[PDB]
Visitor: 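The structure follows.
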Amino acid sequence: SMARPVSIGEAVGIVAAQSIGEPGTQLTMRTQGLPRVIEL
Amino acid sequence: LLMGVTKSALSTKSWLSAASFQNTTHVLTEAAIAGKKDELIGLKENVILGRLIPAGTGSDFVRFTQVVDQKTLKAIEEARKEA
Amino acid sequence: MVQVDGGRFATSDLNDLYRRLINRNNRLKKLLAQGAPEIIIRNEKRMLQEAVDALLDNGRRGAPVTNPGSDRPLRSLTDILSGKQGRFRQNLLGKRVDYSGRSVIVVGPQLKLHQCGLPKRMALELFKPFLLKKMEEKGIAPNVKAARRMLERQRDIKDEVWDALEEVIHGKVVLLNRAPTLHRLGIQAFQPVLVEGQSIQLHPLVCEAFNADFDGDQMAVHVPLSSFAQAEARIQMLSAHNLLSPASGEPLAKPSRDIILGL
Amino acid sequence: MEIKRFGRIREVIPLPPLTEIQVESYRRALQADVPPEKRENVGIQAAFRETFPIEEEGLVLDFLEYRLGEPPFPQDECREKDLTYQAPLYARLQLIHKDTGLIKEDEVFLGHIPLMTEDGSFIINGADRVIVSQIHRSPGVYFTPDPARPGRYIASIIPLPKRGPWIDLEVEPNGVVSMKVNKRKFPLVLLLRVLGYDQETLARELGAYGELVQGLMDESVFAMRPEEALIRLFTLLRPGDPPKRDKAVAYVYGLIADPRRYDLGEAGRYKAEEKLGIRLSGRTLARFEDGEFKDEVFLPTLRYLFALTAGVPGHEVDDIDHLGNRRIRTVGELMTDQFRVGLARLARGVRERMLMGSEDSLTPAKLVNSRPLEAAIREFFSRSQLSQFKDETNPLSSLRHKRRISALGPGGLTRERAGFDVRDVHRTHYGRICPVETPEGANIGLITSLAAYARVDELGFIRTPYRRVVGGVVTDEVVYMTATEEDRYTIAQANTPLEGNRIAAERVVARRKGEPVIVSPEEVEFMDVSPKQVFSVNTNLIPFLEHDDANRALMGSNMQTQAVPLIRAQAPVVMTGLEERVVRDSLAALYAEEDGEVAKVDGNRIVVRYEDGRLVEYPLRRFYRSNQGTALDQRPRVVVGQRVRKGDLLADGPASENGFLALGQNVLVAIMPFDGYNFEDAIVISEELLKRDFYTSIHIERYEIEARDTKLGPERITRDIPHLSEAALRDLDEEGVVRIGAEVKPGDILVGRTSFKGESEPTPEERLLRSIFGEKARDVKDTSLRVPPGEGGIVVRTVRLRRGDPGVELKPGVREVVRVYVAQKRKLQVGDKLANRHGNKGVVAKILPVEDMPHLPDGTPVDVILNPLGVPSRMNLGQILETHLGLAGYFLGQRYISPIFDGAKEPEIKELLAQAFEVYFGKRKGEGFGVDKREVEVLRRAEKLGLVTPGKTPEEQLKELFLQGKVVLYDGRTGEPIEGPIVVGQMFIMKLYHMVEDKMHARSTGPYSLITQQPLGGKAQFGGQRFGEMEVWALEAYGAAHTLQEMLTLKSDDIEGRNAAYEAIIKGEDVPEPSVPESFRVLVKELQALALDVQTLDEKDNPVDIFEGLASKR
Amino acid sequence: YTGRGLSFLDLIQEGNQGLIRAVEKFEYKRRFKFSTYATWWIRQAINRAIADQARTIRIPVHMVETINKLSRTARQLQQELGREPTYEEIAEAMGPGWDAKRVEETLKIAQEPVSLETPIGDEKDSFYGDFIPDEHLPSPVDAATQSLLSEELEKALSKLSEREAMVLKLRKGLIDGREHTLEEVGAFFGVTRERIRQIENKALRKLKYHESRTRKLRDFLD
Amino acid sequence: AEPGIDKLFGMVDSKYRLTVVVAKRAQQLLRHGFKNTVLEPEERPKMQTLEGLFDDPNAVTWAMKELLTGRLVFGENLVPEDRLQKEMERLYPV
Amino acid sequence: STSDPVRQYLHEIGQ
Amino acid sequence: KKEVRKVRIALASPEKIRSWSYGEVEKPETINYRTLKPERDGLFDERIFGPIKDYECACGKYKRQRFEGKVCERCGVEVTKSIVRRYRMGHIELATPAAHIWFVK
DNA sequence: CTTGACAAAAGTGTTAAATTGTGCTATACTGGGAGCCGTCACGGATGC
DNA sequence: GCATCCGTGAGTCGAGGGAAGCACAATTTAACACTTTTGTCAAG
Ligand SMILES: [Mg+2]
Ligand SMILES: [Mg+2]
Ligand SMILES: [Zn+2]
C-alpha cells in the first residue's frame, strides 16, 4: 500500500485474509472457481 | 503435518480466539479440563477483553515512544547531571 | 424480569429453565423424605438430570424444552455463548457504538480526495458534546445544561450554533463505512465539509475502494474521540494517504468511468 | 393529445380478472351465498363433514349446516378501531342419544371468520393483509431414478401436507422391495400381506416383469394369517408397545386408511389415477371395510415400479419441478387447512367432555367449546408466514402482492435449504410463472409472480390459454391447459404471420415439450394467445421489453411497485396497453355502474342519477394513509350534469390519470455526462421540476400515545405539563392534544401527558438546590409525546379512543389512546431515488437552476441528465428507444402504445421523427430564423463522426441527426453548443419510496441494552451503528489500536468510560483511558453459570479482580 | 391435565405424591375400592401443582380459582352473546361483589410475562430484548449533569462561612449522605437546636442573594 | 493529504511510531494550553472565524506542524516518565 | 424408548 | 491495580461454586404478583443478589450511603450499590448429583 | 447564643380485616399422543 | 473399508413486529389512636 519496506507492528495476517477473500465474489461458482480455492 | 484453515485455527493455543470462532462447546470443554491459560497474544483475544491490540500503535516496538522538546530536555538533563 | 413501558412484564428463558430445575429438585427432596418407591424416585432423578441438561445445553440430548403454548425452544446457557447470535460474535467481536450516524450517499465532484460532505444535522448530533462546550465557551448558552435544551427543539436553534459547529469540526476527521467491509479500504477517514441536505457526499475516486455507486447505497459515519483516535485516523486511515492497494500494490484511487472517458 | 397504437397481434380474449386468484378461492371456501342444501363438499363445508359426526363409542354429535352472519362493524370502523373484519359463524348441530334415541338440535356460535374485502385483502386488527399463495409439490405417486444405483427407481406416495406420512417403495439389492415409513424401513410383503394378498394373487399381476417379483414372493409370511401379520407389522412400526389386535388395527388403520388422518387430496387422487391408470374410491392408500384391510393404491404403485424398472415403453420417470407436478395453495385452501386443524381440536374437546359430566343431560352447546377453532383461525391470519403486511405504496403494489407465489411458509422450502433446482426457470413456467419477476438476492426463484393470462384451476395447477389451430387456420377457440396436457401438442408462436385466420408463414416457430422447433403450418395444433401471457402484470408494463437484458428488466418491474403517488402524476408517453386495466382491476378508481347522469360532484362524494332513477352516492377516500404512509385519495373527474355511460370513470384513485396508471412524470431527458454529477448512477435534475411541483408527494405519519392506570396513579393526558413554558404549550388545545392544522417540528409536543413519579428521595445536591430556590417538587413528571428528530409536518387528524367506547377493545389498564396524524408534502431533493421502467435507477445528486441546464436551440431546457455509461454494461436498450419515441411525441403532442414484443419498430419510430422535425424545424423557418452559427459548428464535427452525409445542406443534415434521436444541444453556462449531437428525448421516470428523509440518522448517546449495556439499534429506537466483526478487522488491518479500543469500550459498553468520556468532552478535556467492557463481565458470569472457573491473572499469575470487589464475599 | 402449564411427566410426579397420601389415609373397613378414594387425592395433587408451578409469577391458589372461574364465565357469555362480553357482562355474571373495575384488574393480574427471546420478523436475528432500553443505570448526560451540579454547589458553598457551609452540608446530607436533624447536628458542634436553625436559615438566605447576582445555579433546577 | 506527510513518514522507522509521537505531543499541547509549543508566533496554526483569525484549536494539527520544524526530540527511554511531567509543570504551570 | 422419557416410564410401571 | 495479562479457564468444584454464591436459591418464586417485589429465597431475592436500588434495604430502613457495607437485621439485605446485582451469584443445592452435559455429550 | 410553649411529622403498639396456605372430598376408574420428507448437503471424527 | 453423529453455511439496514370448591388456620396488611421526636415561634 506504500511501496516501501513494511513497518514493524503491521497486522499482515488480517491484510492477507482480507486480500484473499475480497475478490472471492468475483470467482466462478457455476475443481474450479471459488470451490477450488476452498478445498485448497 | 498439513491441515486446513478450519482445523489449524481450532487447534490454536488460545481458547478465547478458538471459542469465538467455532465449536464453542468443544473448545471450552477441552480448555477447561486442561486448565488452559490464554496469554493474549493475537488480536481477537485483546478485542474480546477490550484491550489494546498488539499491532499498529499498540505494538511494543512503538508503544513506549517519548516526545519532548529541547527546552524541557535541557532542564531535565541540567537538573540531573549537575549533582 | 423487567417491566415494559406499557406495564407488561418481560423475562428471559433462563428463569423458566431455573424454575424447572428448582421445582424438580424440591419435589425429589419431598419424595425422598416420604420413603417413596424406587420407581418414583428413579423417575424424579431422571427428570432432574434432564432439567440440568436443558439449563446447560437445551436440545443437545433429546427433544428441546419449549415454553408452554409455543414451539420455540428455550434459550440455554450454551445457546447464549454459541453461534452467530451468541455473546462472542454478537457482543464481543462486534458492538453497536455511540457517535455514529448513517445516511444516503451522493457524489461530490467538487470535493478534494480527503474531504467528505457531512450534513449539518448529522454533524450536530454526532458532535453534540463538543458543540455544547463550544456554545458554553461563547455566549450562545450560559452552561452546558442550558445549551443542551436549545438543541432539543429544532425551532430553538439559533444561527450562531452553526457557526460554532464549524469551529468544533475544524481539523477533525470522521470515518466513512460501507458494508460489507471486504477489505480495510472499506473504512476511510475524511475531513467533513458541512453541507445543506441529508445525504453524505462521497468523492468519486474513493468509490471503487468502497465499491459504492449511487443507486441507493448508504454509509455509516463514526467519530473518533480522543487525540490518539484522531491522530490514527488522520495519519493512517486518511483517504488521501491510502492510494495503493494492499493486495496487489497497484493504484486503488485512480481515474474511473467518466474521468477516463473525458481524458 | 391523441394516442397512436402499434402492433399487429390481435388478442382474442382479454386479461382475466387480475385478483381472481384471491377472490375466487375464498368464495369457494366460504360458500357464504349458496344455500346450505346446495353447498358442495369443498372449503369449510368439507371440513365440517370430515370431523363430524363425533361418536362417543353412546352419544353422537352431528353436523347439519353452518351459516355466516353480517359483520359486526364495517371495514372503515375496523381500521379506525383496530378490529378485524369478520362474520360470526354458526353451526347447527344435533346431539343424538343412541341408547334412548333422542335428538336435540341447537345452533352453536363457533366464532368469527375473517372476511375478504372486494379487492382481495383482509383487515386483521385494523391493518390490511394479503395471504400469499404457496407453491409446493403436488400430492400423488411419483417415480424417480435412484441416484446411488443406476437402473433402479424409487416410488414415492406423497399425501397432502401434514395429512399422512410419505411412503417410499424401493427394490433392495437383495431383491426384496422395502417400504419406508416414518424413517423406518421394512419389507412390503408384510404390509402387502395385511391387505389380503396371497402367493398366486401377486404372481397373477406382478409376475410378468422379471426377477423383481421373485423378491416379493416370500412364502415365510404368505402362509401367515393376515391378523398375525398385522400384529407383526405393528411391532415393526412402533416397537415396545404391548401388542394387541385392538391397538395394532387402530395404528395400521389410522396410518394409511383413516380419512381423518391420511388424505391424498383431490389433486393427489387425480394425479394418482392419471398416472397409474386406476380409479380411487376415496383419497386413502387403503380402505378398511368388512373388518379387513382393502388395498387401493399400493398394488398399482408396485406394478408401475416393476414395469418401469423392467423397461416397458409406456412408463417414464417424473420431473418433480415440472409445473404439472407442482400445485398452488391459494388463500382458500390455506385458510381451510387451518380451519380443519382447529375444528379437529374442537372435536377432541367434545369427545373428552361428552364422556364426563351429566351424560344424560347434555346439549350441543355445552359440549362445543369454540376457543380451539378461533385460536387456529386467528393464528393463521396473524402469525402465519403467508399472511403478510399488505404492500400498498400505489395501486400496482397491492395488485402484485396478491398475485405473488411463494415456495416458503408452513410446509414449504427454507430460504437456506433450497438449492438451484427449485430456483430455476423451468420450461413449464412458460405462460404460468413470470421468468423475470423475482426478488434478486436470497429469495431469488423462491418468490415469483403469476403470469398475466394464467389462472389456477380447481385442483391448484396453473393453466394458460392456447388457440386451437386446425388445418393451418387459427380459430378463436381458446383452451386452458395445464403443463402436463400442454406437452402433447406442437404450440406455435403468437407472432406467426396470418393472412386473416390462416397461418401464412411456410415455416412456423413452435415448441414441442419446451424445445423450439421449425414446423410447417399443417403440423401446428395450438397457438399462443399473445406475448403478454409469458410475463406478469409488472413486466407487461415495460415498453420495448425485447430490447432490455433480463437482469435489468427484473429491476424495472420490481421498482414500479415502490413508486410513490404524486400530486401531479402523469401516465407515460409510451405505454404498453395494460395501464387502464391495472387501475380498473385495483379498485382504486371509481366507475359508473350503468348509464346515468351526475347530480352532485364534490371533493368528498359524487351522486349519480342512474337511468332506472335510483340515486347512488359515492364517498371519496380523501387523504387516507396507506400501510407505507403514502396518501391515497380519490379526486373527482366528472362535473354536475355530465352524462356517464356504464363503466365510465367517475374519480381517479392514487397514481392514475384519467384512468391510466400514472406512477411518475414525463420529463425531458438528455443522455450525456455532466460535470461528474452523473457519476456512477447519480442523476442531475433541474430546479424547474420543483417549481411546477413535479415529483411532489404527500406522506402521512401516525403517532400514538396511551394513558394507563398505574400503581403510583393514573397517567393523565393534560395540557398542564410541569416546568414547560408557554412556547411549548402554544399549539395544544385545552384537552392536551395538538390542534389540527398546526405545524409541528422535531421536539414539539403532540399530546401532553403527565405520569406520577415513583417515590424516591432526591439526592442531597438536588435537595440543597430546591431549598435555595424555595420550590416544592411536583409529584408528576413530563411523559408527553414529542415529534421525533427529522420528522414533522401539519397535523391533519387526531383520533381519541376511550375505554367503554362501542367497539373499542383496549388492553386492560389502558384508560385511553390518542392517535395523531401528521402529513407532509415532500418535494424532490438531493438523495431521493428516481427510476424508469427499464431498470435504470439512481439518486438525485444535483439540482441545477434552469439557466444552467442544457437547452434546445428554441430555448427549452432539459429536465433530467442521465449518464450514457449506464447503458453499455446493463444492456437495457429499451430506455433509448423510449426516449426516441418520446422525443417524437414531444413535438407531435401525442402518446403511443407499443405492446411488448409487438409494437413500435425503428422504421416506424423514424417516420414519426421525420414528422416531428417538420414541426420542430419547420416552425423556425416560418419565424424568420435560419440555421445557427453554433449549429453549423456541430454539424461539421458530426460529418467527421460519420453521423451525417457530407455534401448535404445544413437543414438536411439536421434532419439526419433528428431521425437518430439527436439534437444540437447548447450549454446553459457557456452558451456554446455541445461539441456533438446529444440524444434528447422524453422519458417516464418514477420517484421511488426510498427517500433520504427517512434514512438519515445520527446519535451521540441514547438508549442502552438491558444485559450487555450496549447501545440499542435502529433509527426508531435512536440506536447506534453496528460495528460488526468485518469493521473491526479493517481497523486491525489499519493498525488503529486506539480507534478500535474506543469503539469497543468508551463508545459501546464501558459504563464508567462512557460516563467519564462524555463529562470530559463537555468540560473541554481529553477522554480518559478506557477500562474493561461490560460485555466481558457478562461473559465471565455466564461462563461461571456453566460451572467453569474463568480467572483473569496478572504478569505473576496472581488473580486480578475485574469486578471492583463487588462480587467477592468480604 | 396436559396443556395447562406443566409437562406430562411433571403432572405424573405431582399425581404420585397424591397417591402416596391416599395410601396413608385410605381405610379398607369401608369396603370402598382403592381407586375410588385414591382418585380424589391424585386429582387434588395434580390440580394444586398447576396452581403453584404453572406461572413464572406465582399467583396464590385463591386468585387462580378466581381467574379460572372468570375465564369460564366469559366463555359462556361469549357463546351466548355471539361476541366477546364486556367487563359489565362478566361482572354481572360473576355475582355480588363484582364490578367492571374488578374484572379488569383480575385480567391485568392474570397476564403472563413475555419472553425476551421471542423473535420478531421472518429473520431469526431480532428479538424483544433488542428494543427494551435499560432505564436503571444513569445515562452519560444524567451523570455529567449531576457532577456539574455538585461542582457548582461546592463553589457556591465556598462563599459561605466555615461553619455555615458545614451546617448546610450536614442538614442536607452532603457529608454523611443522610440528613442530620437539628439536635443531631447540634451535638456535632455543641450548639443548641434553636441556634442551628438560625444559622442554617441565615446561611441559606445568603446563598439566595448570591444566585440572584449571578444566576449560575438556576439551570440545574429544571 | 496532510501537509508534509511524506516528510513525516520519513522521520520515523515505523509509520505507527509517528502516530504515537503526534498523538502524545498533542496531549502535551492540550494539557498545558498550548503554552509549551515550540512554534514561533508567526508559525502557529490559525483558523478563519467570522470575527477573525484565531489560533487553531486542533492540537493534532499543532503536533504535526511542530514535528516538521525539527525542534522536537522523540525516542524511547529519553527521560523518566515521572520526572518529565514534573519538569514540564514547572516550566509551563497550568 | 431411551430417547423418550415418557415411554421409558410407562415401561417401568408396566412391570 | 495490576493489568490483566492472562485469562485461565478451569473446572469449578462444588466447594468453589458454593464460595461464589451469596446464598442458596430454594424457591422458584420470582416476584410478588401484587407488589411486584422480589420474593424471599427466590430467583430474584435481594438478600442473595443484592439491593434493587442503591444503598436501600428491602425493609426500607437504610436509605443512604452512610451505612455502606452493612447488612440490615430486619430484612438481611446488604446496603450497597444495586449494580452488584449483575455480579453476585447464587446456587442450587441438588438433592442428587447431576452430570455436566458438556462432559457427556 | 440560650429557653419555653407550640403544632405537625415521624414512630410505636394494638386490633380487625384482607389476604394467602393448607387439608380434604369414599361407586369405580389402572401404559401418552403427536407426527408424519423437496427429510439439507458436506466434511470431519469416531466406532467398527 | 463402511456406518453413524455432529457442526457449518457474508455484511449493514429496514419497517414490521410485542380446566373444582369449600372450610379453616396463618400470615400480612391497613386503620386507629396514642407517644416521642422535629421544626418552629418568640422571646431573653
Ligand atoms: Mg449500489
Ligand atoms: Mg429483498
Ligand atoms: Zn433492611
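Residue numbering restarts at 1 for every chain, and letters A, B, ... go by the order of the sequence lines.
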Visitor: Atom CZ of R348(D) and atom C1' of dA19(J): how far apart are they, to the nearest Å?
Guide: 14 Å
Visitor: From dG38(I), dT20(I), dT39(I), pick the nucleotide closest to the side chain of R137(D)?
Guide: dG38(I)
Visitor: OP1, OP2 of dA45(I) versus side-chain N and O of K7(B): anything below 4.0 Å?
Guide: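 For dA45(I), OP1 or OP2 has a side-chain N or O of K7(B) closer than 4.0 Å.
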Visitor: For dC24(I), does either OP1 or OP2 sit under 4.0 Å from a side-chain N or O belonging to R21(E)?
Guide: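 Yes, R21(E) has a side-chain N/O under 4.0 Å of OP1/OP2 on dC24(I).
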Visitor: If I pick the P atom on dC40(I) and the same atom on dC2(J), what distance separates them, to the nearest angstrom?
Guide: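 Looking at atom P only, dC2(J) and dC40(I) are 24 Å apart.
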Visitor: Partner of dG38(I) by Watson-Crick or G-U wobble geometry, both contacts under 3.5 Å, or none?
Guide: none
Visitor: Quick one: does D321(D) reach the base of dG38(I) with a side-chain donor-acceptor pair under 3.5 Å?
Guide: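 Pair found.
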Visitor: Between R171(E) and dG39(J), is there a side-chain N or O to OP1/OP2 distance below 4.0 Å?
Guide: yes
Visitor: For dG11(J) and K84(C) - does any side-chain N or O of the residue sit under 4.0 Å from the phosphate oxygens OP1/OP2?
Guide: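 For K84(C), the contact criterion (side-chain N or O under 4.0 Å from OP1 or OP2 of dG11(J)) is met.
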Visitor: Please evaluate the base of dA20(J) for a donor-acceptor partner in the side chain of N47(E) within a cut-off of under 3.5 Å?
Guide: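 Under the 3.5 Å cut-off, the side chain and the base do form a donor-acceptor pair.
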Visitor: Below the 4.0 Å mark, does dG21(J) have OP1 or OP2 next to a side-chain nitrogen or oxygen of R72(E)?
Guide: yes
Visitor: Counting side-chain heavy atoms from CB outward, which of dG7(J), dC36(I), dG11(J) is closest to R60(C)?
Guide: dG7(J)
Visitor: Does OP1 or OP2 of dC41(J) have a side-chain N or O of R197(E) closer than 4.0 Å?
Guide: yes
Visitor: If only side-chain N and O atoms of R96(C) are considered, is one of them under 4.0 Å from the OP1 or OP2 phosphate oxygen of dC13(J)?
Guide: yes
Visitor: From the options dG16(J), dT20(I), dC1(I), select the nucleotide whose nearest atom is closest to the side chain of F389(D).
Guide: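 From the listed options, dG16(J) comes nearest.
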Visitor: For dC41(J), which nucleotide is its Watson-Crick or G-U wobble mate, given both distances must be under 3.5 Å?
Guide: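 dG4(I) - that is the nucleotide pairing with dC41(J), both distances being under 3.5 Å.
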Visitor: Would you kindly check whether a donor in the side chain of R383(D) faces an acceptor in the base of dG17(J), or vice versa, at under 3.5 angstrom?
Guide: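 A donor-acceptor contact between them is absent.
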Visitor: With a 4.0 Å cut-off, would you call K27(H) and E39(H) a salt bridge?
Guide: no
Visitor: Quick one: do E194(E) and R197(E) make a salt bridge, cutoff under 4.0 Å?
Guide: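 Counted as a salt bridge, because a side-chain N and a carboxylate O are separated by less than 4.0 Å.
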Visitor: Hey, does the side chain of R89(C) come within less than 4.0 Å of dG9(J)'s phosphate (OP1/OP2), counting only N and O?
Guide: yes
Visitor: Between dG31(I), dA26(I), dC1(I), spot the one nearest the side chain of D241(D), thanks.
Guide: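 In terms of side-chain proximity for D241(D), the closest of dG31(I), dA26(I), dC1(I) is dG31(I).
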Visitor: Considering only NZ, NE, NH1 and NH2 on the basic side and carboxylate oxygens on the acidic side, decide whether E24(E) and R21(E) come within less than 4.0 Å.
Guide: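 No, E24(E) and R21(E) are not salt-bridged.
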Visitor: Within the pair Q1025(D) and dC13(J), is there a side-chain N or O less than 4.0 Å away from OP1 or OP2?
Guide: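 Indeed, a polar side-chain atom of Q1025(D) lies that close.
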Visitor: Partner lookup for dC22(J), please. Criteria are Watson-Crick or G-U wobble with both distances under 3.5 angstrom; report none if nothing qualifies.
Guide: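 In the structure as shown, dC22(J) has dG23(I) as its Watson-Crick or wobble partner.
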Visitor: Students often get this wrong, so: under 4.0 angstrom with heavy atoms, is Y33(H) touching a base, only sugar-phosphate, or nothing?
Guide: sugar-phosphate
Visitor: Pick base, sugar-phosphate or nothing for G1018(D), based on heavy-atom distances below 4.0 Å to the nucleic acid.
Guide: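 Touches sugar-phosphate only.
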Visitor: On the nucleotide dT27(I), are OP1 or OP2 found under 4.0 Å from the side-chain N or O atoms that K33(E) carries?
Guide: no
Visitor: Is any side-chain nitrogen or oxygen of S35(E) closer than 4.0 Å to OP1 or OP2 of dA28(I)?
Guide: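 Answer no for this pair, as no side-chain N or O of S35(E) is under 4.0 Å from OP1 or OP2.
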Visitor: With hydrogens left out and only the distance checked, is there a donor-acceptor pair under 3.5 Å joining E416(D)'s side chain and the base of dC40(I)?
Guide: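 Check fails, no donor-acceptor contact within cut-off.
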Visitor: Counting side-chain heavy atoms from CB outward, which of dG18(J), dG21(J), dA26(I) is closest to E65(E)?
Guide: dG21(J)
Visitor: Hey, does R30(E) reach any base, or is it just sugar-phosphate, or nothing, if we go heavy atoms under 4.0 Å?
Guide: base
Visitor: Tell me, yes or no, whether the heavy-atom count around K37(H) atom NZ, taken from other residues, nucleotides or ligands under 6.0 Å, exceeds 12.
Guide: no
Visitor: Which base, if any, makes a Watson-Crick or G-U wobble pair with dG43(I), both distances under 3.5 Å?
Guide: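 Base partner found: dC6(J).
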Visitor: May I ask you to verify if any side-chain N or O of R129(D) is less than 4.0 angstrom from the OP1 or OP2 atom of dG17(J)?
Guide: yes
Visitor: Atom CZ of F1027(D) to atom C1' of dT12(J): distance rounded to whole Å?
Guide: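 For the pair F1027(D) CZ and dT12(J) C1', the rounded distance is 12 Å.
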Visitor: Just the rounded figure in Å: distance from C1' of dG16(J) to CG of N627(D).
Guide: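 To the nearest whole Å, that distance equals 10 Å.
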Visitor: Would you tell me if any nitrogen or oxygen in the side chain of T181(E) comes within less than 4.0 Å of OP1 or OP2 on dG39(J)?
Guide: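 The answer is yes; a side-chain N or O of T181(E) sits under 4.0 Å from OP1 or OP2.
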Visitor: Among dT2(I), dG32(I), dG11(J), find the nucleotide with the atom closest to the side chain of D4(G).
Guide: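 From the listed options, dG32(I) comes nearest.
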